[PDB]
Amino acid sequence: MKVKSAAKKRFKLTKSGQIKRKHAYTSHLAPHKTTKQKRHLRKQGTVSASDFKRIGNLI
Amino acid sequence: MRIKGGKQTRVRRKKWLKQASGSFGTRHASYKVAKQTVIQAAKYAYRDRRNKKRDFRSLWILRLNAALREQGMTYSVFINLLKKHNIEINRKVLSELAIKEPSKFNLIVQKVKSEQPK
Amino acid sequence: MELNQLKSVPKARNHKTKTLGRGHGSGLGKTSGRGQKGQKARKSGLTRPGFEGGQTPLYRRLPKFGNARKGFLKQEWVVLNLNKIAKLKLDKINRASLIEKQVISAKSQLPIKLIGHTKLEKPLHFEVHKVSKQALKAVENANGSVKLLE
RNA sequence: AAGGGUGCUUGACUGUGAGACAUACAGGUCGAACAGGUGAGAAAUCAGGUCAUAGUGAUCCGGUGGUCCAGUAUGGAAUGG
RNA sequence: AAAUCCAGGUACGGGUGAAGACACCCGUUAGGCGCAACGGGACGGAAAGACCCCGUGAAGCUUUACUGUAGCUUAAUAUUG
RNA sequence: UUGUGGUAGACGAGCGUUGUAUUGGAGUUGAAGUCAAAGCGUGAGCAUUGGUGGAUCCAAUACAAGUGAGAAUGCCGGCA
RNA sequence: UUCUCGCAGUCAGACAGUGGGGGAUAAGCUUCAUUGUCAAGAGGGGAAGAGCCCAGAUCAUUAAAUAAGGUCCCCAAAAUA
RNA sequence: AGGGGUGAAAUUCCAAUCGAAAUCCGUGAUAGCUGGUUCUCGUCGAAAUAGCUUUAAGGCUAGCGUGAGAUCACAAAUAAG
RNA sequence: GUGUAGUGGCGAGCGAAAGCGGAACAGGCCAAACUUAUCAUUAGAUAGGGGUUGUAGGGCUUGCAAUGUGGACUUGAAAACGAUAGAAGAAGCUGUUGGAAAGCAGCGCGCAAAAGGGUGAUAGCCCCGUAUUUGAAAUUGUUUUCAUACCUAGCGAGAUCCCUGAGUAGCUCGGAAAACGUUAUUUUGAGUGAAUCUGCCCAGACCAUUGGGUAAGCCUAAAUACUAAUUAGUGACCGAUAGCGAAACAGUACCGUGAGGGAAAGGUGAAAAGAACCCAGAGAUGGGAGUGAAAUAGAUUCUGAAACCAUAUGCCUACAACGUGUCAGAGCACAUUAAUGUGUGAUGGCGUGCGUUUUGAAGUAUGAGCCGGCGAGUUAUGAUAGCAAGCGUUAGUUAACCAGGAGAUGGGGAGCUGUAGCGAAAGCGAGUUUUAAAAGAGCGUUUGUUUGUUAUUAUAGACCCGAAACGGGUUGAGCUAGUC
RNA sequence: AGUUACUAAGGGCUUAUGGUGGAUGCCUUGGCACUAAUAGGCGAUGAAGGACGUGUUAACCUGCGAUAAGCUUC
Ligand SMILES: [Mg+2]
Ligand SMILES: [Mg+2]
Ligand SMILES: [Mg+2]
Ligand SMILES: [Mg+2]
Ligand SMILES: [Mg+2]
Ligand SMILES: [Mg+2]
Ligand SMILES: [Mg+2]
Ligand SMILES: [Mg+2]
Ligand SMILES: [Mg+2]
Ligand SMILES: [Mg+2]
Ligand SMILES: [Mg+2]
Ligand SMILES: [Mg+2]
Ligand SMILES: [Mg+2]
Ligand SMILES: [Mg+2]
Ligand SMILES: [Mg+2]
Ligand SMILES: [Mg+2]
Ligand SMILES: [Mg+2]
Ligand SMILES: [Mg+2]
Ligand SMILES: [Mg+2]
Ligand SMILES: [Mg+2]
Ligand SMILES: [Mg+2]
Ligand SMILES: [Mg+2]
Ligand SMILES: [Mg+2]
Ligand SMILES: [Mg+2]
Ligand SMILES: [Mg+2]
Ligand SMILES: [Mg+2]
Ligand SMILES: [Mg+2]
Ligand SMILES: [Mg+2]
Ligand SMILES: [Mg+2]
Ligand SMILES: [Mg+2]
Ligand SMILES: [Mg+2]
Ligand SMILES: [Mg+2]
Ligand SMILES: [Mg+2]
Ligand SMILES: [Mg+2]
Ligand SMILES: [Mg+2]
Ligand SMILES: [Mg+2]
Ligand SMILES: [Mg+2]
Ligand SMILES: [Mg+2]
Ligand SMILES: [Mg+2]
Ligand SMILES: [Mg+2]
Ligand SMILES: [Mg+2]
Ligand SMILES: [Mg+2]
Ligand SMILES: [Mg+2]
Ligand SMILES: [Mg+2]
Ligand SMILES: [Mg+2]
Ligand SMILES: [Mg+2]
Ligand SMILES: [Mg+2]
Ligand SMILES: [Mg+2]
Ligand SMILES: [Mg+2]
Ligand SMILES: [Mg+2]
Ligand SMILES: [Mg+2]
Ligand SMILES: [Mg+2]
Ligand SMILES: [Mg+2]
Ligand SMILES: [Mg+2]
Ligand SMILES: [Mg+2]
Ligand SMILES: [Mg+2]
Ligand SMILES: [Mg+2]
Ligand SMILES: [Mg+2]
Ligand SMILES: [Mg+2]
Ligand SMILES: [Mg+2]
Ligand SMILES: [Mg+2]
Ligand SMILES: [Mg+2]
Ligand SMILES: [Mg+2]
Ligand SMILES: [Mg+2]
Ligand SMILES: [Mg+2]
Ligand SMILES: [Mg+2]
Ligand SMILES: [Mg+2]
Ligand SMILES: [Mg+2]
Ligand SMILES: [Mg+2]
Ligand SMILES: [Mg+2]
Ligand SMILES: [Mg+2]
Ligand SMILES: [Mg+2]
Ligand SMILES: [Mg+2]
Ligand SMILES: [Mg+2]
Ligand SMILES: [Mg+2]
Ligand SMILES: [Mg+2]
Ligand SMILES: [Mg+2]
Ligand SMILES: [Mg+2]
Ligand SMILES: [Mg+2]
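Residues numbered from 1 in each chain as written, not as in the entry; some residues may be left out. Chains lettered and ligands numbered in written order. Part of a larger assembly, values for the part shown. Heavy atoms only, no water.

The deposited coordinates for this entry were obtained by cryo-EM, with a reported resolution of 3.03 Å.

Following this line, the structure appears as structure tokens:
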């Protein structure tokens, strides 16, 4: 099996197996979002349980 | 390792054929029709065990009802008198008494008729 | 045990094999567990991994991570940790001493780094390319010493 | 009163954010409180856009500004982060 | 010989039922089995409906649909003074 | 004591076929096959006797599978 | 019936009662909310009926008491006023 | 001589075949579509719903099943206030 | 190394080069300088000597030391090991069932032979063979020894002079090769075009410093790939629907103009001893006789299943509405895997098949005429999870390869997982990222590894059957259309 | 007047037998996959593959080539 080249470059793993990710809606059209929204989307997150199984076998 | 089927299919097929012995023509010759008839016959046998339990009760009730009408009493009141007198006898044995032992059956009806309940 | 009576430990060798084609009595006949007349019941299989039926998959929806050092490899380091080095039995910890103990391979030239905070009782004499300030403080709080190779 | 007028102003701030609402996911909504430096006011207090709910489009690609990161032997540069 | 054929010992009327019954419910009629006839029914037989729809099916054809290309035409350059 | 209808499906426990490895046993005084019978099991299944047959087969514990047929307008052969 | 992990199937539903929308207070119509059954559930009543009523089949018994429903005959079971 | 031939032109004919022969090869083309999928017993036992989908006969996540483990009460059910 | 760096409508996907561990190992030779001889020597050509490079080499002039070692090498001579026929090769009788002994039983024997085949059943000692010891006139293979050709040789000094592969390397315009979808490196269709050891190329655009290497000339054993064929042998491979399509005279019969497509079919008995002879018949043939253990083993030739077709003992059936059965039930006829027995069923109650797909099928939906055989969840390489075993806290485990029986295994620690995490990264480190912040927040401040089995999954055709099609090659104008 | 058996043209069930048929079982001068060696070519000095012919011998198969079911030598 080959690791998907798109699964990597977008999902980093951690010590306990959580898969770190970046928030979307952070590429352009900035004035259409509030500074609260922008500063909340700047921080990184982890995949939800509904996607953890699908990303585990993808990596 | 080429395992070849032989004596396995024939034995389990001949079991079904043996069960469907005494059927009409192809229903005992061909394995397929024989298998269907055995399954259907098993369903019939299952259903008629339950239905036998009910039909024989009905026949005993009919015979007992007739035996009482000759003496002027009805089935609906005979069972009520039996309960009030605490007598506990199957309608089967009561019908067997009325067919085999008329004198002793008449003794039971005489006591339930008038004697004080309990 | 003899060759005419040989037995495995219970619940180690034989497990219930799910035979998918042999009759309905096993609960795995006819359909064989695929369902009914749908995509997952054909010979093709289970589509592609990560597919969402045409909706943009999760990876295609999220931004890509950035690689600052493009085309480079991180410089690997051999790290001696203080919490476990006490369990190891040796004094005057240099590169040569680690080779006989086989913590480091003799055919490796990676630089040695010292890391750790856990207090140690007996003194050790390290020969390390790099050492933390507080790791050195712990080592020198005992009667040990550390020399920084260059 | 959350409506009208006047004076002074630009919080239509920076770094964040315990806890919740609603949600398949992605996203959305409210927010106490902390640090920095301000505006109004004697002060208490209020100000992280409007009486509230519509006014918006993911990823990829490339462009612009800044930058305490990288710079394929070394110093730069190219090219990236 | 032939297509056909789940096993059959294969009535009619009203009703019922997957909505038009030889087989179900309630009634009526009918000794067993042929032969010659004629086609009412067995939604009769032959042809995995050609009509309609569906498939991110195929093929043929058309064009100012898109992307290309044979050919035709123009210029630079080499053979070229 | 509470229970035991059941499709899709999940889980557990078993039967049977062929061969191999270890043990033991039967067989021209008749093995397999094959037919019949008024047997034994909860189920896959397993015996007893007799006829035919003429040389291999059985039991136990493990292991490996081309390992289980009623349907595919399924293929082949035979016969209605 | 909450939390974590392994393996699924399901994305065509139907009818009955009740409250409505579309239709015409028509549909065994179509689209919702809710209570049940069938799907995946036999038995008894409804003459016959997937969805109505009574209920939930481990096997055997020619034992007894009952639910819906019924007691002239078919067909088990009644009498008084 | 076949993304070719021939055609007093009908999509004519090209070995009983022609919207583009016959045969072999890539090839076991692909088919979200039909059909089929072979021994037994026991425990439990659904759904036909929401959102997204060039999606509507398909797919993914959530909801409902099953196996293992944890949570003993503050968790979840049945009644009264 | 790793599915890593990277490359991808950054989508499906693709995927090295270093380094490390192994198998094998080998380096040689031309052009130019310089020189010799000859070509109307206009040679700028032919045939020789000299030379083969990078810690630069060679030529020019001048000396010392050399007569060797080794080849990818020619002829011969000799020897050894084989290949293509073969020779020798131990050990048993008696009795019993039986047609037949080799089975069975008693008493023995041989073995460097107990692999196998045949012999009237199942033989170590009946036979052929096998283990072992041997043998080649003739052809041929490998290796070794001796001689013999050919090639093959070091370290200095001075001169400061000469040579070192040109339409070549670069550059421009279109393509391509490399993992790369064109780009440092490699290659080329068109055009242009250099320099000469203070030289030229390279170290992912490019420049400078440092370093590495010598393009535009050639040849090169070994490890590597494969088996139509010859010899020996093996198989938890097949055993006439299986195995090659073909166990038989199979690419045959047969189909088609052709390319092409393409079957079925094995077994008497130890030995033919294959049935002389008689009877019926025209004869085949049948019934006896005979041979044989068996003729119901008879050439129709091992065993002989079911569907299917006939005969018969026993029971029932011609007023009867039937998914053909089930529960009761007389009478009739028998006697068994001795069992409240078996065969039939006058009559009464109840009763609309099996799979498929559907909300719902007795179905006026679908699939099967019947019987028998065949017929659909696998393998290889990885990931996750459950269960179990081995080893354990500086753990755990080997891959290739070598030896060993086509073995378990030993050597082989290259590597892989875990041991410290955080960050895009330099970097820091039980902390780290964000930030002016140490505050706050995110992630961490611990529970391993290698196998066996099961389940799921990824790449492969991936449970089986089925398209209309698409692309590449060949065969067809004996029919037909046109032309000659 | 009333209740009554014998009928079986034919059919049904059970059992037994005979016939068509070649399933199952046992076996194989045959296949398949490999191991260890050998070898890796033939041809104008006429090849591979075929036609024809050759017997004391019907055809077919095999062998052989007018020296024709075989010729010489070791
Ligand atoms: Mg079979
Ligand atoms: Mg099931
Ligand atoms: Mg499943
Ligand atoms: Mg469906
Ligand atoms: Mg299906
Ligand atoms: Mg499905
Ligand atoms: Mg879309
Ligand atoms: Mg104001
Ligand atoms: Mg305001
Ligand atoms: Mg783009
Ligand atoms: Mg650099
Ligand atoms: Mg016929
Ligand atoms: Mg109706
Ligand atoms: Mg159709
Ligand atoms: Mg299309
Ligand atoms: Mg297409
Ligand atoms: Mg021109
Ligand atoms: Mg159950
Ligand atoms: Mg066995
Ligand atoms: Mg026998
Ligand atoms: Mg099979
Ligand atoms: Mg609904
Ligand atoms: Mg609906
Ligand atoms: Mg309604
Ligand atoms: Mg309404
Ligand atoms: Mg309505
Ligand atoms: Mg409706
Ligand atoms: Mg359904
Ligand atoms: Mg019901
Ligand atoms: Mg009813
Ligand atoms: Mg129950
Ligand atoms: Mg009662
Ligand atoms: Mg009542
Ligand atoms: Mg009555
Ligand atoms: Mg095309
Ligand atoms: Mg037309
Ligand atoms: Mg034609
Ligand atoms: Mg196919
Ligand atoms: Mg398709
Ligand atoms: Mg249940
Ligand atoms: Mg529901
Ligand atoms: Mg709903
Ligand atoms: Mg679809
Ligand atoms: Mg789901
Ligand atoms: Mg000899
Ligand atoms: Mg001998
Ligand atoms: Mg022998
Ligand atoms: Mg260059
Ligand atoms: Mg390429
Ligand atoms: Mg140089
Ligand atoms: Mg560089
Ligand atoms: Mg050079
Ligand atoms: Mg064959
Ligand atoms: Mg055959
Ligand atoms: Mg021919
Ligand atoms: Mg005879
Ligand atoms: Mg025959
Ligand atoms: Mg025979
Ligand atoms: Mg009669
Ligand atoms: Mg009458
Ligand atoms: Mg009737
Ligand atoms: Mg009847
Ligand atoms: Mg009856
Ligand atoms: Mg009926
Ligand atoms: Mg089935
Ligand atoms: Mg339908
Ligand atoms: Mg329908
Ligand atoms: Mg019908
Ligand atoms: Mg139809
Ligand atoms: Mg259909
Ligand atoms: Mg049909
Ligand atoms: Mg069949
Ligand atoms: Mg595991
Ligand atoms: Mg090993
Ligand atoms: Mg913290
Ligand atoms: Mg362990
Ligand atoms: Mg002509
Ligand atoms: Mg007769
Ligand atoms: Mg008869």
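**Q** Mind showing me how you'd approach the overall build of chain A here?
**A** The helix and strand tally for chain A stands at two helices and three strands. The dimensions of chain A, computed from C-alpha atoms along their principal axes, are 45 × 20 × 20 Å. Residues counted as buried form 20% of the 59 residues belonging to chain A. Counting contacts in chain A only where the partners sit at least 6 residues apart, residues at least 24 apart contribute 52% of the total. Working note: accessible area of chain A is about 4,800 Å², and carbon and sulfur atoms make up 56% of it. (Helix = DSSP H or I, 4+ residues; strand = E, 2+ residues; numbered from the N terminus. Buried < 20%, exposed > 50% of the residue type's maximum accessible area, 1.4 Å probe, protein only. Contact = heavy atoms within 4.5 Å. Areas by Shrake-Rupley, 256 points an atom, 1.4 Å probe, with all protein chains shown as cover.)

**Q** How should the protein's contact with RNA strand G be read in this particular structure?
**A** In the vicinity of RNA strand G there are 26 residues, among which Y46(B), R49(B), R50(B), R57(B) and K92(B) approach most closely. Here RNA strand G approaches the protein such that, of its atoms within 4 Å, sugar and phosphate make up 87%. In the model, a sugar or linking oxygen of RNA strand G is placed 2.2 Å from a nitrogen or oxygen of the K92(B) side chain. At 3.5 Å from a phosphate oxygen of RNA strand G is found a main-chain nitrogen or oxygen belonging to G33(C). Of all the secondary structure elements, the ones that give two or more residues to the surface near RNA strand G are α3 (31-69), α4 (75-84) and α5 (91-100) of chain B. Here the surface near RNA strand G takes 14 residues from α3(B), the largest share from any one element. Of the residues that constitute the surface near RNA strand G, the class distribution is six nonpolar, eight polar and twelve charged. (Near = heavy atom within 4 Å. Polar contact = N/O pair within 3.5 Å; in protein donor to acceptor, adjacent residues only side chain to side chain. Nonpolar A, V, L, I, M, F, W, Y, C, P; charged D, E, K, R; others polar.)

**Q** It is not clear to me how the interface of chain A and chain C should be interpreted in this structure. Could you clarify?
**A** When the parts of a complex come together, some accessible area is lost, and that lost area is often taken as the interface size. Tallying the contact residues gives 18 residues for chain A and ten residues for chain C. Of the roughly 1,400 Å² buried at the junction of chain A and chain C (both faces included), carbon and sulfur atoms supply 69%. Together, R10(A), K22(A) and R54(A) form the three largest contributors to the area buried by chain A at its contact with chain C, with a combined 41%. Along the contact surface separating chain A from chain C lie one salt bridge. With a closest N to O distance of 3.0 Å, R54(A) and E52(C) form a salt bridge. On inspection of chain A and its partner chain C, the count reaches four residue pairs in polar contact. The element contributing the most residues to the side of chain A that touches chain C is helix α2 (residues 49-56) of chain A, with three residues. (Buried area = accessible area lost by both parts, 1.4 Å probe. Salt bridge = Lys/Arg side-chain N within 4 Å of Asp/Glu carboxyl O.)

**Q** What exactly am I supposed to notice about the packing of helix α1 (residues 9-19) of chain B against α3(B) here?
**A** When two helices pack together, you describe them by how their axes are tilted relative to each other and by the distance separating the axes. Residues and elements named next belong to chain B. Direction vectors running N to C along α1 and α3 enclose 55°, while the axes themselves pass 8 Å from each other. With respect to each other, α1 and α3 are oriented oblique. Of the two possible hands of crossing, α1 and α3 adopt the one that is left-handed. Note on element contacts: α3 touches α1 through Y31, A34, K35, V38 and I39, opposite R12, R13, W16, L17 and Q19. (Axes fitted to C-alpha atoms, helices over the stretch in contact; angles between N-to-C directions. Parallel < 35°, antiparallel > 145°, perpendicular 65-115°, else oblique. Left-handed = near helix turned anticlockwise from the far one by under 90°.)

**Q** Before we go on, may I ask you to explain the packing of α4(B) against helix α6 (residues 102-114) of chain B in this structure?
**A** Residue and element names in this part refer to chain B. Contact geometry of α4 with α6 gives a least axis separation of 9 Å together with a crossing angle of 75°. As far as their axial angle goes, α6 and α4 are roughly perpendicular. Of the residues in α6, those in contact with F78, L81 and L82 of α4 are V109, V112 and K113. A class-by-class count of the residues in the contact of α4 with α6 yields five nonpolar, no polar and one charged.

**Q** Before we go on, may I ask you to explain the nonpolar core in this structure?
**A** As a rule of thumb, nonpolar side chains are buried together in soluble globular proteins. Residue and element names in this part refer to chain C. Within the largest apolar cluster, 18 residues are counted, with the highest numbers of intra-cluster contacts made by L80, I93, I112, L114, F126, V128 and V146. Those elements giving two or more residues to this core turn out to be β1 (78-81), α2 (82-85), β2 (112-115), β3 (125-128) and α4 (133-141). Apart from the residues within four sequence positions on either side, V146 is in contact with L114, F126, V128, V131, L136 and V139. (Core = buried A, V, L, I, M, F, W, Y, C linked by side-chain atoms within 4.5 Å.)

**Q** Help me understand a nonpolar patch on the surface in this model?
**A** Taken together, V3(A), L13(A) and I59(A) make up a surface patch of nonpolar side chains, about 250 Å² in accessible area. In this structure, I59(A) sits in the segment after α2. (Patch = residues over 30% accessible without salt bridge, like charges linked within 9 Å, V, L, I, M, F, W, Y side chains within 5 Å.)

**Q** So what exactly am I meant to see when it comes to the protein's contact with RNA strand J here?
**A** All names here are of chain B. In the neighbourhood of RNA strand J, the contacting residues comprise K4, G6, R10, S21, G22, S23, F24, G25 and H28. Taking the atoms of RNA strand J that fall within 4 Å of the protein, sugar and phosphate contribute 100% of them. A distance of 2.7 Å is found between a phosphate oxygen of RNA strand J and a backbone nitrogen or oxygen belonging to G25. Counted by class, the surface near RNA strand J contains one nonpolar, six polar and two charged residues.

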